[PDB]
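What follows is a short report on a single structure.
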Amino acid sequence: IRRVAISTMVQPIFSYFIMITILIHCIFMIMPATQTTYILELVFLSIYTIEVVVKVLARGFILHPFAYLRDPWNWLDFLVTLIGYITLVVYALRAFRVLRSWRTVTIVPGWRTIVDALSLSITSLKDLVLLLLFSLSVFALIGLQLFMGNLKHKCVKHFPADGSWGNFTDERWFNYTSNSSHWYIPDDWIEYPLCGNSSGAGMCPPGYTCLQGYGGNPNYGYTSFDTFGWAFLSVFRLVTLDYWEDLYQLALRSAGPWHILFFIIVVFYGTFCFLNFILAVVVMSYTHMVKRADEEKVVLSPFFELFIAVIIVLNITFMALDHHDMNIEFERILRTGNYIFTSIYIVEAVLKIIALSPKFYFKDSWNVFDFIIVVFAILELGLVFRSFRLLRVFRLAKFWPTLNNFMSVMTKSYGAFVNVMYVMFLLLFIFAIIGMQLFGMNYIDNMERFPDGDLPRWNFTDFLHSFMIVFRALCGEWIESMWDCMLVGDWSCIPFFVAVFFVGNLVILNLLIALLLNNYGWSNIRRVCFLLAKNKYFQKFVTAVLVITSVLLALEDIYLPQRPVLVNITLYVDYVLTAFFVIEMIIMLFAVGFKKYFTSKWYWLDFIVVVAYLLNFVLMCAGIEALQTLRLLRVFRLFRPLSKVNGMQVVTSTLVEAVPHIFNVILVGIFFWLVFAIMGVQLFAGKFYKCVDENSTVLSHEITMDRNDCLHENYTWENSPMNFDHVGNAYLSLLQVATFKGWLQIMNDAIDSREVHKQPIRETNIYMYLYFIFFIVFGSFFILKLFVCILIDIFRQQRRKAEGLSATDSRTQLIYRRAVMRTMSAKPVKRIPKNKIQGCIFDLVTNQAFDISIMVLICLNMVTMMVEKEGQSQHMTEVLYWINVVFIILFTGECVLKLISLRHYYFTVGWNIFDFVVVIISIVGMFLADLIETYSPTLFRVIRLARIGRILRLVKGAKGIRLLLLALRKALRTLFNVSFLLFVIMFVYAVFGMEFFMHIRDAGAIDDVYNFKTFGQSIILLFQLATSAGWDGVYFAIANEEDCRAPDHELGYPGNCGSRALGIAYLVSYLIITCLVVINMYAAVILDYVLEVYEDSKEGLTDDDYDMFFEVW
Amino acid sequence: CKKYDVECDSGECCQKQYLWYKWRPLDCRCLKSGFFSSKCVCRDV
Ligand SMILES: CN(C)[C@H]1CCCC[C@@H]1Nc1ccc(S(=O)(=O)NC(=O)c2cc(Cl)c(OCC3CCCC3)cc2F)c(F)c1
Ligand SMILES: CC(C)CCC[C@@H](C)[C@H]1CC[C@H]2[C@@H]3CC=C4C[C@@H](OC(=O)CCC(=O)O)CC[C@]4(C)[C@H]3CC[C@]12C
Ligand SMILES: *[C@@H]1O[C@H](CO)[C@@H](O)[C@H](O)[C@H]1NC(C)=O
Ligand SMILES: *[C@@H]1O[C@H](CO)[C@@H](O)[C@H](O)[C@H]1NC(C)=O
Ligand SMILES: *[C@@H]1O[C@H](CO)[C@@H](O)[C@H](O)[C@H]1NC(C)=O
């Protein structure tokens, strides 16, 4: 018995039998269930019970140290078997049987490293979880205080004076106002527009008043700051940057532009800091695991090569030149060129095989690749094999050194990459099965709840759609799917989607980033002028002049013509600045001389500005209007003084040393996106046309089968704005896909696509999703995440150089040096208690029980803050005010007792000072709360935020939270410098966009509230765009060139037409500079400091160790 | 000469056609018809 069980258990045949059974079981869960599926589930359950019986008879149950349930693997298997039998005996529970598939992770070699890294990351995220909860709660309370009911603001028609509704009575007015038919809504809109009486907020049309407390909240009532739970969901959504432009715009439209400040904080503190902490934790976990893994342990002449290289480049260019709606000459050229290229390739292969003996020729890998290409070409011209043509592009890898090194690096460490990708796809499969089971029927049962009773494009109806929705959540979009799920489902949708976001986005994708980081990483005059140039006052004066004039330049808005005084100031400043630039250039030329002036880049910038201003001045003298683009070049003088700010040198040094690597990665990405864009052109070129009516609505294929029927019924045969008609369009659409902005429409048109000149049909071509999935793996998860890795490495080196550390020292030596330097500065201190009564108070105060009681009181006060909600009675508000009064009194008693006990020693500790400040603020608040509210509601709400001060004491006493906050405080100066660089870049782009797109007509994201008319609105848009959020709408607005009227110079009309080329340049440059370079800098900084802290607390000494030493001493 | 939506090689296309209620000029264009494959047809400019 026992002998048989042991002998059978450890044979690999049994393990592989069970693994094959599990894989078959997965394949059967993918397919819909029938009677066959029922019998096969019984078969599978029988196999699993045989396994469990064998294992238990082999080992035991729990008693032994090596019993059956001593390993979590057996725990998972046994629990799933119990759940399967429970489902058989007696629905939501039967989904989790899919968890058995987790065992399949062991098939791939090298899985132990990835599994251990994942487990270490999860176990290390505990303290980050505590800090995340606290910070999210604080922000949710602030948002509840700021935006309570603001998202319910609606434009209501005035009570009619004609008397059709009747003689006015208060009841009659309420009855009229409450009717939904009297709320303003543009036709075809699904949500009511928000309004607000604050300056800069959404205005109501004439005859409409902005009221509060009517109707429901946006998005089926799921997007509001009405309660602490909803505020928490909104804060988490904002932190994750998930569709956050919508909430951002709703809040700023209801409350006013100044509330942007709020979003600045949460975005900076929540996105640029914590998610980077999670990334740092994952990086450390993977690095520890990899460290442990490592520790454990004619035709053959260069001219011919160049000829074939140029032929390959020409072939790639011709393949890229293919597009939709060509002329006959062009494609005749292209096909003839393809025939010539195939002929050249055949000649190359034959000449090589003859010159170099056949046995050796096929030995080389590149030769066999060439031969495969030749075979595919001969088959292609023999006879779809024309897809295989794409392989030719990869031939260029032999000749491009950087691309060759990239591919060699990828081939070196394929095992880890395949393990991570397999884990990602296995987790996606598990989540897709679970979602399909939990939410499968609700989408069909409750279709009516959807806006048109029609099934949404993203659902859980079948396995394919479940996988697509889960993959979309893993990409970062989970809030909208959760909205639909809640509409048809229940609360269970929230934990699911949110969970999918943690496991996939914040753990798995961060782990992929960690892999990428680990693997891819006359004498008088000259004398006076030199003296005046080196002088400090002169340099400060020049900087001040530049900054003042640059700031003035931001006042040139759409209202400038209506301010004659501002126009005069602008003109006179232009003339004075021309004179000033000429004088400064002359002074610098006398000071440094021609040679050094014209070999420096900064003096090139100054000279270019001088030339532009002289050109503008000679134009004004000649009577020609000044070119505005040229006079906008003076802002570029702000970069030299900016680089001289304290501590800014590290950031700029990092950026200048990272430019070459970033350029190389951009080239490699252009190559891979060229491959994908050629494929996209060949797949979707000319297939995005569709029939639309007077209203821009697609028609059924039953009524319009194609373009002929479309035009016979006097309809429009309209093309989609984003398409794959040629390579440039494919580039732009793939950029939309990789950034995850505008991708939904592209895939919808892609999967409805049919033959050319045919009406698209909903989901007739579902499997085209595959095309995008691959791209997102190889164009977004890999190429776009190299920038952050490059920045991390270069910033680590730059900070090492900045602090004077030698490049040759190893990490242990650096840690020892840091410990020694810490030991250099340390001093003891002692306090003295009283007099007997004072000494008794002292003994009471010092006791840790007092601190824990205060801890509890702070927690209760925080909860009382959470209890506040919109729509609560005035009685409830008074009761909550009185509870807060009690808490304030208790904390004031704390301060009195501690002051009495510690005399002047109270102020030695910084946290005592924080508590004292908070208590004084709360007392003044008790004095002023009655007065302030009576004498704008916004002022009272904003001043009541100091209430949050006395719950911020909750962080005091924590150890891990203190560790993270110390890491954040060491990095504060660098983070501020990065933010200042970001704001200067935003200022430059704001002025230029004000010049370019100040008159475009309202379209897409651009409207009355959000546009480039003023500097403030431009800054709002640019802050939103710095995260790449919602740039598809901005692009559609600023690149529009249809139904636009040109300017009339004689009549003075400036126009309302956009520029597609200018829009592309502006937006792509902004996305590359901010989203891919400057924003990533944050992460770099964070990681370094966090790592520096963690290795101090793990393999070194920390300030807390010295603190304990001196408390003892 | 031949009509709209018919194979042609740039020298045999009718000047104009009364198709969908307007006299529309015709040029022999060449439209996507697969991977690196296109069918050359007479369509209006
Ligand atoms: C007896 N009677 C004192 C109470 C009942 C009658 C009406 C008045 C009062 N009602 C009450 C309202 C709100 C809060 S509360 O809890 O919402 N607000 C705060 O405690 C709080 C409020 C403010 Cl304005 C504040 O000022 C900011 C400082 C910053 C610099 C100088 C001003 C500070 C505060 F702590 C509160 F407890 C009490
Ligand atoms: C140094 C770095 C780290 C921080 C930079 C400070 C920003 C938070 C400042 C700089 C410019 C400021 C903006 C300047 C102009 C405006 C317009 C202002 O609204 C108005 O113009 C009110 C008048 C109206 O709307 O009618 C709203 C605040 C806002 C967006 C400001 C919000 C705060 C901003 C972004
Ligand atoms: C709103 O007004 C319309 C117009 O008379 C009326 O038919 C409708 O009943 C009103 N709504 C309610 C809830 O009474
Ligand atoms: C657009 O919609 C309106 C109302 O929904 C309807 O008359 C028609 O579908 C379109 N308008 C016109 C004038 O045809
Ligand atoms: C276009 O549709 C009309 C309407 O039925 C039909 O008479 C005509 O033959 C069609 N032409 C083509 C080329 O399909």
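What's the exposure ranking of A:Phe406, A:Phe976, going from fewest to most Cβ atoms within 10 Å? Don't skip to the end; give the middle numbers.
Numbers: A:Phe406 21, A:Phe976 13.
Ordered by Cβ neighbours within 10 Å, fewest first: A:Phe976, A:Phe406.
Sequence-ordered 3J(HN,Hα) estimates for region A:949-961 from the Karplus curve with 6.51, -1.76 and 1.60 and θ = phi - 60° stand at x, 8, 9, 5, 5, 4, 6, 4, x, 6, 9, x, 4 Hz, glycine and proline given as x. Counting, for every residue in A:322-332, the Cβ atoms of other protein chains within 10 Å of its Cβ and taking the mean gives 5. With neighbour counts taken as other beta-carbon atoms within 10 Å, the residues A:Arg953, A:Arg822, A:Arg817, A:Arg969 rank, fewest first, as A:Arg969, A:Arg817, A:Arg822, A:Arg953.
How big is the dipole moment of the protein assembly as shown about its Cα centre under a simple scheme where the beta carbon of each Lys and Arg is +1, that of each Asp and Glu is -1, and everything else is neutral? Debye, nearest 20, please. Mind dumping the intermediate values first?
Numbers: 97 positive and 94 negative charges, 979 e Å.
Charge dipole, the protein assembly as shown, about its Cα centre: 4700 debye, nearest 20.
Other residues lying with their Cβ under 11 Å from the Cβ of A:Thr227 contribute a combined charge of -2, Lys and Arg counting +1, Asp and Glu -1.
Considering Cα pairs under 8 angstrom that are at least six residues apart, work out the relative contact order of region A:414-519 and quote it in whole percent. It rounds to 29 percent for region A:414-519. Applying the Karplus relation 6.51 cos²θ - 1.76 cosθ + 1.60 with θ = phi - 60° to region A:467-484 yields 3J(HN,Hα) values of 4, 5, 5, 5, 5, 4, 4, 4, 5, x, 9, 10, 6, 6, 4, 4, 4, 4 Hz, where x marks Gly and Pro. Karplus-derived 3J(HN,Hα) values for region A:552-561, using 6.51 cos²θ - 1.76 cosθ + 1.60 with θ = phi - 60°, are 3, 4, 7, 7, 8, 10, 4, 9, 4, x Hz; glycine and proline are entered as x. Taking amide H as placed 1.01 Å from N in the peptide plane, B:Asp27 has its amide H under 5 Å from the amide H of B:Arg43, B:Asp44, B:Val45, each at least 5 places away in sequence or on another chain.
Assign unit charges at the C-beta atoms only (+1 for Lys and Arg, -1 for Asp and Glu), then state the dipole size of region A:836-957 relative to its Cα centre in Debye, rounded to the nearest 20. Don't skip to the end; give the middle numbers.
Details: 10 positive and 9 negative charges, 62 e Å.
The dipole of region A:836-957 has a size of about 300 debye.
Taking amide H positions as modeled 1.01 Å from N, with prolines and chain starts lacking one, the residues under 5 Å from A:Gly1055 and 5 or more places away or on another chain are A:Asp1048.
Taking Cβ atoms as reference points and 11 Å as the exclusive limit, the residues near A:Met203 contribute a net charge of 0, counting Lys and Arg as +1 and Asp and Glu as -1. Of the GluC sites (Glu not before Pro) found in region A:1014-1113, the ones in coil according to DSSP and having at most 13 other Cβ atoms within 10 Å of their Cβ are A:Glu1041, A:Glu1042, A:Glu1050. Note on the protein assembly as shown: antiparallel DSSP beta bridges, both residues inside, total approximately 95 percent of the bridges counted.
Which distance in nm do the two modelled labels at A:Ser700 and A:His158 give, with both placed 7 Å along the Cα-to-Cβ direction? Label at A:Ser700, label at A:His158, 4.6 nm between them. Proximity of backbone amide H atoms, modeled 1.01 Å from N, is registered between A:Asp706 and A:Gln759 at under 5 Å, excluding neighbours fewer than 5 places apart on the same chain. Each of A:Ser780, A:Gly256, A:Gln759 was placed along the dipole of the protein assembly as shown (beta-carbon charges, centred on the mean Cα), and the one lying farthest toward the positive end is A:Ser780. Segment A:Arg172..A:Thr106, full-extension length gain: 16.6 nm, with 0.36 nm per residue of separation and the alpha-carbon distance subtracted.
Roughly how many Å is it from the Cα centre of region A:272-348 to that of region A:868-918, as a whole number? If you average the Cα positions of each part, the centres end up 65 Å apart. Averaged over the residues of B:22-32, the number of partner chain Cβ atoms lying within 10 Å of the residue Cβ comes to 4. Spatial offset of region A:737-770 relative to region A:926-994 amounts to 44 Å, using the alpha carbon center of each.
Annotation: the residues A:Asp188, A:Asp127, sorted from fewest to most other C-beta atoms within 10 Å of their own C-beta, follow the order A:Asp188, A:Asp127.
Each of A:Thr1014, A:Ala1003, A:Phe976 was placed along the dipole of region A:962-1022 (beta-carbon charges, centred on the mean Cα), and the one lying farthest toward the positive end is A:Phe976.
The label point for A:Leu619 and the one for A:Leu844, both projected 7 Å from the Cα toward the Cβ, are 7.9 nm apart.
With a ≥ b ≥ c the root eigenvalues of the C-alpha gyration tensor of region A:878-1021, is it rounded (a/c under 1.5), prolate (a/b larger than b/c) or oblate?
Working: a/c = 3.55, a/b = 1.74, b/c = 2.05.
Taking the square roots of the gyration eigenvalues as a ≥ b ≥ c, region A:878-1021 is oblate.
Which value in deg cm²/dmol, rounded to the nearest 500, describes the helix-derived mean residue ellipticity at 222 nm for chain A, given -39,500 (n - 2.57) per DSSP H run of n ≥ 4 and division by the residue count? Write out the running numbers ahead of the final one.
Numbers: 48 runs with 714 residues, N = 1113.
Theoretical 222 nm ellipticity from helices: -21000 deg cm²/dmol.
Using 1/(1 + (r/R0)^6) with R0 = 30 angstrom and r between the beta carbons of A:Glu1111 and A:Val924, what's the FRET efficiency to the nearest 0.05? Mind showing how you got there, number by number?
Working: r = 35 Å, r/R0 = 1.17.
It comes to 0.30.
As a convention, Cβ positions derive from the backbone with ideal geometry for all residues, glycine included, and neighbour counts pool all protein chains shown. Taken together, the values in this text are just the output of simple stated rules run on the coordinates, not laboratory data.
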